[PDB]
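Novice:
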Amino acid sequence: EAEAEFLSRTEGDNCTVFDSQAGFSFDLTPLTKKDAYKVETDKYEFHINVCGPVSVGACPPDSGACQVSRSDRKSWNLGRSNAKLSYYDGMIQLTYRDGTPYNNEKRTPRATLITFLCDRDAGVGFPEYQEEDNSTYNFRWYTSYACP
(Lines of atoms letter the chains of each structure in order from A; the text may use other names.)
(Lines give C-alpha, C1' and ligand atoms only; values in the text may rest on other atoms or scores of the structure.)
Protein backbone atom coordinates (compact mmCIF):
# COMPACT_ATOMS: atom_id res chain seq x y z
CA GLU A 578 0.00 0.00 0.00
CA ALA A 579 1.41 3.34 -1.01
CA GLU A 580 -1.66 5.27 0.15
CA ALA A 581 -1.84 6.93 -3.22
CA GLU A 582 -4.21 4.32 -4.52
CA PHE A 583 -7.22 6.02 -6.03
CA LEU A 584 -10.51 5.10 -4.37
CA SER A 585 -11.85 2.83 -7.04
CA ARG A 586 -14.32 0.01 -7.16
CA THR A 587 -13.13 -3.06 -8.87
CA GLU A 588 -15.66 -5.65 -9.82
CA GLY A 589 -15.33 -9.34 -10.09
CA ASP A 590 -17.63 -11.92 -11.55
CA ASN A 591 -19.06 -15.21 -10.35
CA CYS A 592 -18.42 -15.37 -6.57
CA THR A 593 -15.00 -13.80 -6.99
CA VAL A 594 -13.31 -10.47 -6.76
CA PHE A 595 -9.85 -9.60 -7.96
CA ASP A 596 -8.09 -6.28 -8.17
CA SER A 597 -5.28 -5.78 -10.66
CA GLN A 598 -4.26 -2.48 -9.01
CA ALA A 599 -3.57 -3.78 -5.52
CA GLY A 600 -3.04 -7.37 -6.54
CA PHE A 601 -5.86 -8.66 -4.46
CA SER A 602 -7.77 -11.81 -5.17
CA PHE A 603 -10.65 -13.30 -3.22
CA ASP A 604 -13.29 -15.84 -3.76
CA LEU A 605 -16.17 -15.94 -1.40
CA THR A 606 -17.55 -19.10 -2.88
CA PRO A 607 -16.75 -21.11 0.43
CA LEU A 608 -18.38 -18.21 2.31
CA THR A 609 -21.45 -18.69 0.16
CA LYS A 610 -24.15 -21.01 1.48
CA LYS A 611 -26.69 -22.64 -0.70
CA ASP A 612 -28.99 -22.55 2.36
CA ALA A 613 -28.22 -18.80 2.55
CA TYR A 614 -27.88 -16.31 5.41
CA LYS A 615 -30.65 -14.77 7.45
CA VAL A 616 -30.92 -11.35 9.08
CA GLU A 617 -33.81 -10.22 11.18
CA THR A 618 -35.23 -6.95 12.28
CA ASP A 619 -38.58 -6.12 13.84
CA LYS A 620 -39.93 -5.08 10.47
CA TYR A 621 -38.38 -7.57 8.05
CA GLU A 622 -36.29 -10.65 7.90
CA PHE A 623 -33.75 -10.72 5.17
CA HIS A 624 -32.30 -13.70 3.49
CA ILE A 625 -29.05 -13.01 1.71
CA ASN A 626 -26.30 -15.03 0.14
CA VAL A 627 -22.82 -14.08 -1.07
CA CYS A 628 -23.33 -15.08 -4.61
CA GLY A 629 -26.09 -16.62 -6.54
CA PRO A 630 -29.51 -17.24 -5.08
CA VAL A 631 -30.84 -17.68 -1.58
CA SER A 632 -32.71 -20.74 -0.57
CA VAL A 633 -36.03 -19.88 1.09
CA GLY A 634 -39.31 -21.77 0.99
CA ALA A 635 -41.04 -18.44 0.30
CA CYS A 636 -38.75 -16.68 -2.17
CA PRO A 637 -37.79 -17.77 -5.72
CA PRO A 638 -34.43 -19.73 -5.92
CA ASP A 639 -33.43 -17.20 -8.56
CA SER A 640 -33.20 -14.32 -6.10
CA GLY A 641 -30.01 -13.62 -4.19
CA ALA A 642 -31.62 -11.33 -1.71
CA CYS A 643 -35.16 -11.57 -0.35
CA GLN A 644 -36.92 -9.96 2.59
CA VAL A 645 -39.96 -11.24 4.34
CA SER A 646 -41.88 -8.80 6.40
CA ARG A 647 -42.62 -9.80 9.92
CA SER A 648 -45.11 -7.02 10.50
CA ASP A 649 -46.87 -7.06 7.10
CA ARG A 650 -45.76 -10.63 6.23
CA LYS A 651 -45.15 -9.84 2.56
CA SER A 652 -42.03 -10.70 0.71
CA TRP A 653 -39.95 -8.74 -1.77
CA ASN A 654 -36.86 -9.51 -3.74
CA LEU A 655 -34.02 -7.20 -3.10
CA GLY A 656 -32.29 -8.53 -6.07
CA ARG A 657 -32.33 -11.34 -8.50
CA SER A 658 -29.48 -13.87 -8.19
CA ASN A 659 -26.13 -12.43 -8.98
CA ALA A 660 -22.56 -13.26 -8.16
CA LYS A 661 -20.81 -9.95 -8.89
CA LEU A 662 -18.46 -9.00 -6.08
CA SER A 663 -16.90 -5.56 -5.81
CA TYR A 664 -13.88 -4.10 -4.06
CA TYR A 665 -13.92 -0.47 -3.07
CA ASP A 666 -10.65 0.95 -1.68
CA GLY A 667 -10.22 -2.19 0.40
CA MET A 668 -13.79 -2.90 1.31
CA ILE A 669 -15.33 -5.84 -0.49
CA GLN A 670 -18.85 -5.16 -1.44
CA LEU A 671 -21.62 -7.30 -2.85
CA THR A 672 -24.32 -5.88 -5.01
CA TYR A 673 -27.60 -7.48 -5.96
CA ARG A 674 -29.75 -6.13 -8.67
CA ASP A 675 -33.24 -6.73 -10.05
CA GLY A 676 -35.26 -6.65 -6.93
CA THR A 677 -38.87 -5.72 -6.55
CA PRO A 678 -39.31 -1.94 -7.33
CA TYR A 679 -40.91 0.62 -5.05
CA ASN A 680 -42.30 4.11 -5.44
CA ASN A 681 -39.24 6.22 -6.11
CA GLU A 682 -38.55 8.98 -8.63
CA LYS A 683 -36.05 7.03 -10.75
CA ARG A 684 -38.23 3.84 -10.49
CA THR A 685 -35.44 1.55 -9.53
CA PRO A 686 -35.65 -2.15 -8.74
CA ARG A 687 -34.69 -2.99 -5.17
CA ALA A 688 -30.96 -3.41 -4.67
CA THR A 689 -28.88 -4.92 -1.92
CA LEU A 690 -25.38 -3.98 -1.22
CA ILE A 691 -23.33 -5.83 1.36
CA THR A 692 -20.19 -4.26 2.65
CA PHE A 693 -17.70 -6.79 3.98
CA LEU A 694 -15.67 -5.43 6.79
CA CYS A 695 -13.01 -7.33 8.48
CA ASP A 696 -13.02 -5.74 11.87
CA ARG A 697 -10.62 -7.38 14.28
CA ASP A 698 -11.82 -11.04 14.23
CA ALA A 699 -14.63 -12.87 12.50
CA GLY A 700 -15.42 -15.96 10.49
CA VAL A 701 -17.45 -16.17 7.32
CA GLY A 702 -19.44 -13.36 8.65
CA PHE A 703 -22.94 -12.70 9.60
CA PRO A 704 -24.85 -10.05 7.67
CA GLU A 705 -26.56 -7.43 9.72
CA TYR A 706 -29.01 -4.81 8.73
CA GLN A 707 -28.01 -1.17 8.64
CA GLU A 708 -31.25 0.90 8.61
CA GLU A 709 -31.55 1.94 5.01
CA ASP A 710 -34.70 0.53 3.40
CA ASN A 711 -35.35 3.85 1.68
CA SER A 712 -33.71 2.48 -1.43
CA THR A 713 -30.27 0.98 -1.19
CA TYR A 714 -30.26 -1.76 1.38
CA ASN A 715 -26.80 -1.70 2.84
CA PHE A 716 -25.72 -4.70 4.83
CA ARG A 717 -23.13 -4.82 7.51
CA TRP A 718 -21.13 -8.01 7.16
CA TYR A 719 -18.10 -8.70 9.33
CA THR A 720 -15.98 -11.34 7.73
CA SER A 721 -12.41 -12.49 8.07
CA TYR A 722 -12.47 -13.08 4.29
CA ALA A 723 -12.34 -9.29 3.87
CA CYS A 724 -8.77 -9.45 5.29
CA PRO A 725 -5.89 -10.23 2.88
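What the sequence shown shows, in the deposited numbering, is residues 578 to 725, in sequence order.
Heads up, the beta-carbon is just placed ideally off N, CA and C, and yes, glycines get one too.
Does the CB of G629 have a neighbour CB from chain C at under 8 Å?
Specialist: In the structure shown, chain C cannot be found, because there is only a single protein chain.
Novice: Just verifying my parser: in three-state terms, what is the DSSP assignment at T689?
Specialist: If you number the sequence shown from 1, residue 689 lands on position 112. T689: strand per DSSP, three-state reduction.
Novice: What is the DSSP secondary structure of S648, counted as helix, strand or coil?
Specialist: As a position in the sequence shown, residue 648 is number 71, starting the count at 1. DSSP places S648 in the coil class of the three-state scheme, outside both helix and strand.
Novice: In the DSSP assignment, find the unbroken beta strand (DSSP E) run with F601 in it and report its ends.
Specialist: If you number the sequence shown from 1, residue 601 lands on position 24. Here the beta strand (DSSP E) through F601 covers 601-604.
Novice: Which of helix, strand or coil does DSSP assign to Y679?
Specialist: Start at 1 with the first residue of the sequence shown, and residue 679 comes out as number 102. It is coil, neither helix nor strand.
Novice: Could you say which of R684, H624, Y722 lies nearest to residue 537 if we only look at CA atoms?
Specialist: Lying outside 578 to 725, the shown extent of the chain, residue 537 is not represented and no answer is given.
Novice: Under a three-way DSSP split, which group does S721 fall into?
Specialist: As a working note, residue 721 is residue 144 in the sequence shown. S721: helix per DSSP, three-state reduction.
Novice: Could you have a look at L584 and say whether DSSP puts it in helix, strand or coil?
Specialist: To locate residue 584, count along the sequence shown from 1; it is residue 7. Residue state, collapsed to three classes: coil.
Novice: I need the boundaries of the beta strand (DSSP E) containing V633, first residue and last residue.
Specialist: In the sequence shown, counting from the first residue as 1, residue 633 sits at position 56. Where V633 is concerned, there is no enclosing beta strand (DSSP E), given that its DSSP letter is neither H nor E.
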